[PDB]
Amino acid sequence: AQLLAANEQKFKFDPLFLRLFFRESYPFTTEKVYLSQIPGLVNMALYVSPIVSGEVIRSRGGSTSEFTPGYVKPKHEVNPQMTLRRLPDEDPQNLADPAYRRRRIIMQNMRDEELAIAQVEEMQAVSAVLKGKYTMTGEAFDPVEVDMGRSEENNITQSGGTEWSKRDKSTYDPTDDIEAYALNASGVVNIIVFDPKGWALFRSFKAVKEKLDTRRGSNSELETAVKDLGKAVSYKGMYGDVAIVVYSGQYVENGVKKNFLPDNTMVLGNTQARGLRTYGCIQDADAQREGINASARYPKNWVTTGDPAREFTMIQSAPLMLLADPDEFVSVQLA
Amino acid sequence: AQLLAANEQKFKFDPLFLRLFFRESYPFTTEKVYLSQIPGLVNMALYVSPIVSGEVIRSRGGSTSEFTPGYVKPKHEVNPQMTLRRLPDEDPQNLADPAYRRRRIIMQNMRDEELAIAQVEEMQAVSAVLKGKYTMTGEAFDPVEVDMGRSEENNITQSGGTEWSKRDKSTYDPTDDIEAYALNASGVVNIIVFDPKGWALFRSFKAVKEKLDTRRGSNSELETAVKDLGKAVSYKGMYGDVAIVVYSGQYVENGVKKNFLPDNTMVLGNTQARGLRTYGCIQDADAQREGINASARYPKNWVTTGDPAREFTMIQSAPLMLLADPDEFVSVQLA
Amino acid sequence: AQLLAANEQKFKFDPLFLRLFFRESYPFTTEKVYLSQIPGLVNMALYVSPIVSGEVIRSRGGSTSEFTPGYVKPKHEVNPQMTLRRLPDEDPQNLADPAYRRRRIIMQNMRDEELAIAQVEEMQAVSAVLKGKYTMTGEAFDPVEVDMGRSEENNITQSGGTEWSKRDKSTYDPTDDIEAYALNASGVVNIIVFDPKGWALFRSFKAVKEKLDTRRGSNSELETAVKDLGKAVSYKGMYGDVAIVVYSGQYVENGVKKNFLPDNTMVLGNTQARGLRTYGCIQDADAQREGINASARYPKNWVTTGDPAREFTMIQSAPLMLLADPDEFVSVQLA
């Protein structure tokens, strides 16, 4: 059987949300995820004369704690009938070796497994930053709710008398409307990432293209962080002090593709916003014995006997994406 | 006769369709091609409970999983009278000996056999992704039809009603048309490869000229993948987010050179698409006897006696150029 | 733990459809079943000249492929407490040894495995040639559809138009109706398989009673099938050139017995009709580890650890009882 240390992946393919907002991670050593354990923020200094001692500082972070993360654990078989990919310039002599073929199959199954986990880790992020409400469902899970604690004003949808679709396409300037939306953002807005269906509406305005300086090179760091996803994400240009990204990544259902975002929607935030990546206990009998109770991922390979007689490789984790200031992003439902 | 070791070519000149979309290859160990063994696409992760239970994931192949490969075995003769081409740095003194003349004519036959096979493979790939459908024909061979499953929404015909050739060349902006045609691409496009004749009408508009970039290219390693194909491939620049390539390849029929693409056409798509390069078995006694049934190419040299007392060279293969998702591209039929 | 050498069933008990139409069996080597790999029939040898190269015959034709098998795996436990079924003409002295008693109860348990899988094969076969369409389903196995391609011209229902009950049971003749039913058979028909209570009404006609022949012996080799399954199969005699046989077989559901053929049915076919007996792979780690992928049955004895700590016996199969051509039978729904 493959050793547990066979974890040679080193691929970082975070789809534009775990790579820009949810950088820091907090794996937990307890089963449930207790929100009151995060480091939190800090008071100013509390001036004190240098003859008397000062009160010790204590930061706690959040009140509602007893959350519960999902415990996704996809499996795969290693049936040695798959037609292995012809790696460039590899010899055919090595392909005859059963051990090398088995190792190649295990390595490909690891990639397939890790691409299956990040889908949930990004669906959680998308759901968190659209409404601040996110429920976990699935067969045999007892659906668990997650209330991030959003305000109400940070969901402004254009549904009044005048919308961006049913007005003038030559004289209207959306700068004022965008600033009005970003006023209640509890900070300086920096990213106005679009869903391309909703993007095409904004793009039609000439007042946009008359001032959208879409020069190549976003800010010298954003395009460095987003070139890896040449399939899903794209960069439009700079709208002055802010940049525009078009995110079109799709999450696959049992057999069908679906969009992460509703088509005619946009969301505003910052690249410096902090997003928690809290995990939970990897409740495994062997993982407890190897002292890896608190960790991000946990591969395992075993050989089953008798009824489902096969060899399985499984990846298990516990994603409970969170935010510190959920009301800093504003998700505008366009029309 | 020269042995199987006469395979010293190691030249990678696959022309823009086997290198940009069909990079990965899946040679098979059976007469036909079955999509069941193909890894396919990863599914969702399916939240489950803790160690209580766990369900096994199987990656199926869908509905159709049986295709017939396009077997091919072009033959050449090695008559030691053909006047050798004056390749540079070639001394005739160490050339008059037949031991070198034959050894070089063998290599020349290998080169043009491989060139013909690779060019037919590219023709197959273009016929595949220009319209989604495909066929196999030929004298002394049973016709075979191959259907990728392209959606009808990805075959936009420009001739109907609103073309590009009948608009003002200084006021009409074709960005809106490109956006409207690339909206239904099931993924952000970055490659808008044109035709040598089809690019003229697109570029004739003035609005493109100022916005169009020529700055040597700043997209990716794509410029390196283009510089090797200096003859029939030209890289123009930036449309703002996508790259522009004008490709004017040619292939030799019975006696006439023709282009791969229909005259006034263009394609949009992604440079990160998944293009299958499935191959059948090399149904030869020696290949099976040497365990080389699963391979992309098979050279062979022998001498037949009695009626055709001549020495021959063969390169056997069986391409079935296939595309994972045909709906990731848009084929605009310009007019 | 008994090894795979415990294969001593030695019982040939094919019930009248695996013996009359589905004689030829073909265990596949791929998980899914592709009919484009069936050898097919053989034609007359050409009169090739002596001193000339011959021509290679191709034993292929007819795709109709892509059918998946209905994997079946019934378990049993071998707890040594049950009173052993004492076989007639056996030595009772060596029954004292528990090691022999366990080895005998293993085979007594294996017989039930074989019978309970033969019943599933009969369920596959009987209604295979009754409509063409076949839905295989059950718990822990999602429903699967298998369609032969029978035409509506081959499934005449007597209820359409004129019934048979509302007719004179002493003067009317069904010969014209029989010929009309047999005209759309794409081949001569000589079997008139009935249902006993659906055959009583057919026999109720006066002319049929004396018209039916009851001569000794079948045509060539039809009485041979009767001599084996005499409990539920009866051969009335001759009806010109078509044989009258009555199948009153039953299969056991959980605790109740059901008849194989629905009430009012009669099938018109040929004894030489080709009926496939395809199979799937033995999806088991030990099967690949011992190279027994292409097999119909697969015994296994093994020991469970911990929760149901017992020793089990299991047989795995994959019956996909299939017809070479759906248009060789006519299944009249009597009325």
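With ideal geometry, Cβ positions are generated from the backbone for all residues, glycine too; neighbour counts draw on all protein chains shown. Bear in mind these aren't lab numbers, they're just calculated from the coordinates by the rules spelled out.
Can you give me the relative contact order of chain A as a percent, contacts being Cα pairs under 8 Å and 6 or more apart? Could the numbers behind the result be given before it?
Numbers: 543 pairs, mean separation 99.8, N = 335.
Computed value for chain A: 30 percent relative contact order.
Please compute the length gained on full extension between residue C:162 and residue C:210, using 0.36 nm multiplied by the number of residues separating them and subtracting their Cα-Cα distance.
Values: separation 48, 0.36 × 48 = 17.28 nm, distance 2.46 nm.
Computed gain between residue C:162 and residue C:210 is 14.8 nm.
Quick one: of B:258/B:300; C:12/C:258; A:257/B:166, which pairs are farther than 28 Å apart, Cα to Cα? The answer is B:258/B:300; A:257/B:166.
Just checking the listed ones, A:253, A:153, A:24: in the Gaussian network model of chain A with Cα springs under 10 Å, the one fluctuating most is A:253.
List residues of the stretch C:301-322, by number, whose backbone nitrogen lies under 18 Å from a label position 7 Å along Cα→C-beta of residue C:77. Taking a point 7 Å out along Cα→Cβ of residue C:77, the residues of the stretch C:301-322 whose backbone N falls under 18 Å are C:301-315.
Considering only the Cα atoms of the stretch A:214-266, their convex hull presents on average a projected area of 4.5 nm².
Taking other C-beta atoms within 10 Å as the exposure proxy, A:76, C:76, B:76 rank C:76, B:76, A:76 from fewest upward. Take residue C:86, project a point 7 Å from its Cα along the Cβ direction, then tell me which residues of the stretch C:96-111 have their backbone nitrogen under 20 Å from it. Counting only backbone N, you get C:96-109. Relative to one another, the C-alpha centroids of the stretch B:257-335 and the stretch C:163-213 are positioned 60 Å apart. In nanometres and ascending order, the distances from the residue C:77 label point to those of the other copies are 2.7, 8.0 (point 7 Å from Cα along Cα→Cβ). Each copy carries a label point for residue B:58 at 7 Å from Cα toward Cβ; from one copy, the others' points are 3.3, 5.8 nm away, ordered from shortest. Approximating the spin labels as points 7 Å out from Cα along Cα→Cβ, the residue C:63-to-residue B:104 distance works out to 4.9 nm.
Straight Cα distances below 18 angstrom link residue A:10 to the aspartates and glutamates A:24, A:112, A:113, A:114, A:121, A:228, with same-chain residues fewer than 8 positions distant left out. Reported value for the stretch C:292-335: 156 Å³ per residue, from the convex hull of its C-alpha atoms. Decide, for the stretch B:172-267, between rounded, prolate and oblate: order the square roots of the alpha carbon gyration tensor eigenvalues as a ≥ b ≥ c, take rounded if a/c falls under 1.5, and otherwise choose prolate if a/b is larger than b/c, else oblate. Prolate, because a/c is 1.5 or more and a/b exceeds b/c.
To the nearest ten degrees, helix C:98-126 and the longest principal axis of the Cα atoms of chain C are 30 degrees apart. For residue B:276, the residues whose modelled amide H falls within less than 5 Å of its own, excluding neighbours fewer than 5 places apart on the same chain, are B:322, B:323, B:324. Taking θ as phi - 60° and the Karplus parameters 6.51, -1.76 and 1.60, the scalar couplings of the stretch C:275-287 work out to x, 6, 10, 4, 8, x, 6, 8, 6, 8, 4, 5, 4 Hz in sequence order, x denoting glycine and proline. Extension gain for residue A:186-residue A:257 works out to 22.1 nm (0.36 nm per residue, less the C-alpha to C-alpha distance).
Taking 0.36 nm per residue of sequence separation and removing the Cα-Cα distance, the residue C:286/residue C:169 pair yields an extension gain of 35.9 nm.
Placing unit charges on each Cβ (+1 for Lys and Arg, -1 for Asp and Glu) gives chain A a dipole about its Cα centre, and among A:83, A:316, A:205 the Cα reaching farthest toward its positive end belongs to A:83.
Annotation: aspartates and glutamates with alpha-carbon distance below 14 angstrom to residue C:197 (same-chain offsets under eight excluded): C:263.
Measuring nothing but how far apart in sequence close Cα pairs (under 8 Å, 6+ apart) lie, relative to its length, the stretch B:211-267 scores a relative contact order of 26 percent. Remark on chain C: hydrodynamic radius 23.1 angstrom, per the Kirkwood mean of 1/r across alpha carbon pairs. Over chain B, dividing the summed -39,500 (n - 2.57) contributions of all DSSP H runs of at least 4 residues by the number of residues returns a 222 nm mean residue ellipticity of -6000 deg cm²/dmol. With contacts taken as Cα pairs under 8 Å at a separation of at least 6 residues, the stretch A:163-296 carries a relative contact order of 28 percent.
Rounding to the nearest 20 debye, state how big the charge dipole of the stretch A:5-99 is about its Cα centre with +1 on each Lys and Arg Cβ and -1 on each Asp and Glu Cβ. Each step should come with its number before you reach the end.
On the way: 11 positive and 11 negative charges, 84 e Å.
In debye, rounded to 20, the stretch A:5-99 gives about 400.
Taking other Cβ atoms within 10 Å as a rough exposure proxy, C:33, B:144 sort from fewest to most as B:144, C:33.
Build a GNM of chain B with springs between Cα atoms under 10 Å apart, and of B:256, B:233, B:303 the one that fluctuates most is B:256. Shortest first, residue B:221 label-point distances to identical copies amount to 2.7, 6.7 nm, with the label point at 7 Å from Cα along Cα→Cβ.
Expressed to the nearest 5 percent, the antiparallel share of DSSP beta bridges inside the protein assembly as shown is 90 percent.
As a proxy for reagent exposure, ranking A:188, C:78 by other Cβ atoms within 10 Å from fewest up yields A:188, C:78. Return the single residue from A:141, A:194, A:202 with maximal mean-square fluctuation; model: Gaussian network over chain A, springs between Cα atoms under 10 Å. Evaluated over chain A, the most mobile residue of the options is A:141.
Relative to the compact-globule scaling 2.2 N^0.38 Å, provide the ratio for the alpha-carbon radius of gyration of the protein assembly as shown. Please report the intermediate quantities before stating the final value.
Details: Rg = 36.2 Å, N = 1005, 2.2 N^0.38 = 30.4 Å.
For the protein assembly as shown, the normalised Cα radius of gyration comes out at 1.19.
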